[PDB]
Trainee: 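What follows is a single structure, and I will ask about it in a moment.
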Amino acid sequence: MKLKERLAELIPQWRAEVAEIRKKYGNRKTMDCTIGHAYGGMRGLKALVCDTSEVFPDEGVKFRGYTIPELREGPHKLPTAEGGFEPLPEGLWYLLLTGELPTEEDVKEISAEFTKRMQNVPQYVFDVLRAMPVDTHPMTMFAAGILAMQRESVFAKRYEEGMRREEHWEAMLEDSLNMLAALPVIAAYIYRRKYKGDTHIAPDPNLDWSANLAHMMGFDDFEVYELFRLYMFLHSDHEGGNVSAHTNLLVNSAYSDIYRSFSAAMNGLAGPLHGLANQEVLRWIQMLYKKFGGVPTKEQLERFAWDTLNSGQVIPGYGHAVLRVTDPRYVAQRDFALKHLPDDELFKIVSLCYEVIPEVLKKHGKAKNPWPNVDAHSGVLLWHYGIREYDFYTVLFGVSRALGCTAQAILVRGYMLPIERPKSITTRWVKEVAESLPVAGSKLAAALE
Amino acid sequence: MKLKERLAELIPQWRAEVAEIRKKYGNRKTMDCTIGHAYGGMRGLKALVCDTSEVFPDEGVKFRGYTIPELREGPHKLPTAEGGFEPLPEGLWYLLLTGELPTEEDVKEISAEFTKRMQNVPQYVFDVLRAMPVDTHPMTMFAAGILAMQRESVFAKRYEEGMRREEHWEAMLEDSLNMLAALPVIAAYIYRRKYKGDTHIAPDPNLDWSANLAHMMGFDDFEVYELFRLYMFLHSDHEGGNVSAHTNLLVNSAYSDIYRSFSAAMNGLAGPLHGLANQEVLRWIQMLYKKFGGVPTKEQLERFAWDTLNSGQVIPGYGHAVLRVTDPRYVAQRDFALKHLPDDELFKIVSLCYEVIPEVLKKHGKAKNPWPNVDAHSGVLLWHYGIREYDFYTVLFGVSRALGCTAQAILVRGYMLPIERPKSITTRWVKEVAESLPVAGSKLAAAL
Ligand SMILES: CC(C)(COP(=O)(O)OP(=O)(O)OC[C@H]1O[C@@H](n2cnc3c(N)ncnc32)[C@H](O)[C@@H]1OP(=O)(O)O)[C@@H](O)C(=O)NCCC(=O)NCCS
Ligand SMILES: CC(C)(COP(=O)(O)OP(=O)(O)OC[C@H]1O[C@@H](n2cnc3c(N)ncnc32)[C@H](O)[C@@H]1OP(=O)(O)O)[C@@H](O)C(=O)NCCC(=O)NCCS
Ligand SMILES: O=C([O-])CC(=O)C(=O)O
Ligand SMILES: O=C([O-])CC(=O)C(=O)O
């Protein structure tokens, strides 16, 4: 497989480069660490490495240095399905791993690997899934199904047999191919059992990875296939620092295989502070529709927005802290909606918010960002095509985020980064010593530097 | 429950104190963050809070300010079982949660809570365990059974219904009691199904928590109950920064319940670099025994150690990522062994290592820490009493570590700390700006 031969050349080089960097720049200061970081969830602390993606405040997320527009339409467009427009996640995965753009044949090899492997989900995984009570939350089922498949881990098997550190990335890759192929099968099983009367649809060996998820959930529509391709592409990766990506890296750092690291990550994604944002946006849009007996006018939405902001509250999906521009993942979703469901009533509200809410936020004066993120837009797209089971939205997010998690996990085992092991501090120590400590950026801090 | 009444007073104060510290001292600097931290797994970076325990590089772990000798032997001896010497882990949990030494009655109340709730493991958790192929690694089975029981989460349910942030710690405590009571039942189930012919032994309502695990595994000797009590005490907690404790805090930070956060932690503990050291040491000890037809002499062992290091190998059970002297968890185990199995051949090798190996690792000069850690001593104790299933040793570790993880998760939810969300950097950026950055503790750093 091309992906593998290429990595066999790039990874030895990256490994050497990283060893040199740690040697010659290890002592370079990036910032001050504060009491505030320790009690404030490490916010802003430059404590991890991720090379798959990178957020620029003035551009949004890039994938190995390419913008979403370059990959989606521009001059570096990734391969699509036959007759499709939307980029295939398979090709994006090639890019995240290698840092190089795939050829059509590269993508097809990855698609065939996925299609083949998607037939290899162990029967006992479904036994595990069926032993869980059907009212179990779908993210609990998703994580459990993944973890049960740890029995099939090549990394775990090869590690116990004795393999060189240099082979770690090979085993991580094999495991990632198996796990990624399995994810849509597990996800669809959960969907069909909980919400569609426990009737089950087999993978179509002539569909790509994203489309097969839609197929197996029971949604056979070209538009739905295209939405799922775009959705999986957009949500694939967002740096290393979010709870689920970080959980993945942390468990990975102890040499736990991808079934263990990624199921752990899904337990983090299942958290209400990490995995529900898209659902909350959608329920808000729906609350506006019902409040206004239909699409609100520009004046009604303005007033409702002022009422919300003046009463200390925020508007879901808008005004997050980092970007100074619209999330490029939002823009691609809007472009999809304009093309494919412009008259859908909930979309009309999301569209009006894109006009109105940024104008209101500029005027209100708090947010150095008046613009939306990805979660502002995704829910109405799912809901339009009949995917209405809110709890399950987090599972779709999880399937997508597996692309970036698997890439990250393969790369860091290629780099041979060590176990993650920060130092914790006690409140006792803090209370004793805090007076003694300089204010960060102060003249005293400069003195004690 | 005394525990909960005590928390119902202490947590509101601690919460207020933490809000004060964040407002007043948030901007105080503790150290420089470097490029090396980001590529070096955050080693030394003061990035997390943990009030349950603290590891002093030059003294070892203290639990809420108490040393292991203080709590096991010394002037602050925790409660023991009737006729026992070893401290009950139930009282250690009380200490971790409250910061106060428990009475006998406090401990009995926690024991009874575990006893009662041990009868309440859902039938479907066993169905989940039986659906996994019996040759599945035991730590995969353990994590999966814990995760399946997430359906019974009171935190999840109350959060969905709408609860005030101040009720968090209470739902975490209820969940922790349930989960802790379930862990020995799940662990024993795994043990019996994999290794003892799939015959199952019910919990004993009159045993304490540790003893009940031993009983349900099929061991009823007093000395084994005492070993389990000591083992569960020693492995209970070791700051917030180790992979399992940290994974628990990270997932808990997103408001995921203890079944999710602790099952995530167990997937980390299952990793070779976190949870395998016990077994590696025992196999190494057994390799020596077989190599020398018995206990080696000082000179044989000395020579072996040198040959080992100069052949590029590591001596298992020596060194630590933070510890810098003899692990007091090692010393407690040695004491148990001198008392209870002084003539055990494998123990005699462990003992001899204690005399010889430090000297060697010092002169070799690569190990930052030349002394034994907890893992140098645990395997020979288990092995002596007939617990021989190497892979399962990590599950025993996990059951113990749940005591620290649950204490930490309750506390951090009481304090109301936010979501853990550091910043990742790229190699591209490092290459672009590294030369222009100041060296940590330099003149240019001072100017900037
Ligand atoms: C003020 C602002 C600029 C920063 O947001 P933030 O609240 O610091 O964001 P986080 O999600 O990282 O942290 C949430 C914190 O808000 C706290 N918070 C929210 N409302 C609160 C209230 N009424 N009282 C106390 N704390 C409150 C939470 O409890 C949590 O803990 P902390 O205050 O102890 O730190 C905000 O307007 C904003 O833009 N937030 C979005 C930023 C963001 O994280 N974007 C996501 C990018 S993917
Ligand atoms: C625990 C351990 C992983 C910590 O590693 P660490 O923090 O990187 O250790 P140090 O800072 O002392 O490493 C410095 C050097 O000493 C070596 N070293 C450390 N402990 C050693 C040991 N017991 N035997 C041989 N060499 C050892 C390291 O390999 C390293 O050499 P290198 O720079 O060529 O790689 C390590 O001491 C070890 O491998 N111990 C054996 C297994 C074990 O008992 N683990 C349980 C830990 S609770
Ligand atoms: O997962 C996400 O949406 C991104 C995120 O929270 C972060 O970078 O902290
Ligand atoms: O603390 C560590 O780094 C590893 C360890 O000893 C433990 O978790 O008990």
Side-chain angles (χ1 to χ4, degrees), chain A residues 22 25-33 35-36 38-39 41-42 45-51 54 124 127-128 131 133 136 140 144 147 150-151 239-241 243 250-251 254-256 260 264 267-268 271-274 418-427 434 437-440 445-446, chain B residues 22 25-33 35-36 38-39 41-42 45-51 54 124 127-128 131 133 136 140 144 147 150-151 239-241 243 247 251 254-256 260 264 267-268 271-274 321 418-427 434 437-440 445-446:
Chain A
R22 294 185 62 203
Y25 300 147
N27 63 175
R28 298 280 176 140
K29 172 191 183 188
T30 56
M31 55 189 299
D32 294 334
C33 181
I35 291 288
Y39 284 85
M42 292 191 205
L45 188 64
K46 294 197 222 281
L48 294 169
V49 178
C50 172
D51 281 328
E54 183 169 19
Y124 66 75
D127 298 346
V128 164
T136 302
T140 300
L147 173 58
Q150 187 274 335
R151 183 189 179 265
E239 286 202 341
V243 161
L250 176 53
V251 172
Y255 288 176
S256 286
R260 274 174 175 153
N267 284 354
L273 292 179
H274 184 17
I419 192 166
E420 176 183 334
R421 209 277 184 227
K423 179 66 196 179
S424 61
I425 61 176
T426 61
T427 307
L437 261 33
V439 35
Chain B
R22 294 182 64 200
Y25 295 119
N27 59 29
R28 292 287 191 301
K29 164 170 174 171
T30 58
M31 53 185 302
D32 288 344
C33 184
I35 293 191
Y39 289 84
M42 301 189 197
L45 195 69
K46 292 178 169 67
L48 287 192
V49 174
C50 177
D51 287 322
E54 184 180 14
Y124 65 75
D127 301 346
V128 170
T136 297
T140 302
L147 178 57
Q150 180 280 333
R151 177 197 188 261
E239 276 193 0
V243 164
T247 304
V251 169
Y255 288 173
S256 285
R260 282 176 172 156
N267 287 354
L273 300 184
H274 189 23
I419 191 170
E420 181 176 332
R421 214 182 74 175
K423 178 65 185 173
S424 55
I425 65 185
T426 60
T427 306
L437 293 175
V439 177

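Convention: sequence-line order gives letters A, B, ...; per-chain numbering from 1.
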Trainee: Let's test your reading of the structure: which of A/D127, A/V128, A/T136 forms the most heavy-atom pairs below 4.5 Å with chain B?
Mentor: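 Max contact count across the listed options: A/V128.
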Trainee: So what's closer than 4.5 Å to chain A heavy atoms on B/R22: side chain, backbone, both or neither?
Mentor: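 Side chain of B/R22 only, per the 4.5 Å heavy-atom cut-off to chain A.
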Trainee: Could you have a look at B/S256, B/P133, B/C33, B/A144 and say which one has the most heavy-atom pairs with chain A under 4.5 angstrom?
Mentor: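 Of the options given, most contacts go to B/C33.
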Trainee: Taking all non-hydrogen atoms of both residues, which atom of A/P418 and which atom of B/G41 are closest, and how far apart?
Mentor: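 Distance-wise, the nearest heavy atoms are CG-N, 3.9 Å.
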Trainee: Who among A/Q150, A/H274, A/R260, A/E54 has the most heavy-atom pairs with chain B under 4.5 Å?
Mentor: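 Among the listed options, the one with the most contacts to chain B is A/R260.
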Trainee: Using a cut-off of under 4.5 Å for heavy-atom pairs, which of A/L48, A/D51, A/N27 has the most such pairs with chain B?
Mentor: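 Highest number of heavy-atom pairs under 4.5 Å: A/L48.
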Trainee: What residue, out of B/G36, B/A434, B/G241, B/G268, has the most heavy-atom pairs lying under 4.5 Å from chain A?
Mentor: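 Among the listed options, the one with the most contacts to chain A is B/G241.
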Trainee: Under a 3.5 Å distance rule, please check whether B/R28 uses its side chain to pair with a backbone N or O of A/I35 as donor and acceptor.
Mentor: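 Not a single qualifying donor-acceptor pair exists.
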Trainee: Any non-hydrogen side-chain atom of B/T426 less than 4.5 Å from a side-chain atom of A/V49?
Mentor: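 No; the side chains remain at least 4.5 Å from each other.
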Trainee: What pairs with A/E239 under side-chain hydrogen bond (donor to acceptor under 3.5 Å, both in side chains), at least two apart in sequence or on another chain?
Mentor: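 Listed in chain order: B/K423.
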Trainee: Mind ranking B/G240, B/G271, B/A254 by heavy-atom pairs under 4.5 Å with chain A and telling me who comes out on top?
Mentor: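 The residue among B/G240, B/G271, B/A254 with the greatest pair count is B/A254.
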Trainee: Taking all atoms of both residues into account, what is the closest heavy-atom pair of A/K29 and B/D32, and its distance?
Mentor: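 Closest approach of A/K29 to B/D32, heavy atoms only: CE-OD1, 3.5 Å.
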Trainee: Could I get the full list of side chain to side chain contact (heavy atoms under 4.5 Å, CB included) partners for A/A264, not counting sequence neighbours?
Mentor: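 A/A264 satisfies side chain to side chain contact (heavy atoms under 4.5 Å, CB included) with A/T247, A/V251, B/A264, B/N267 only.
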Trainee: Please look at B/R151 and chain A and tell me whether the side chain, the backbone, both or neither of the residue comes under 4.5 angstrom of a heavy atom of that chain.
Mentor: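 Contact with chain A: side chain only.
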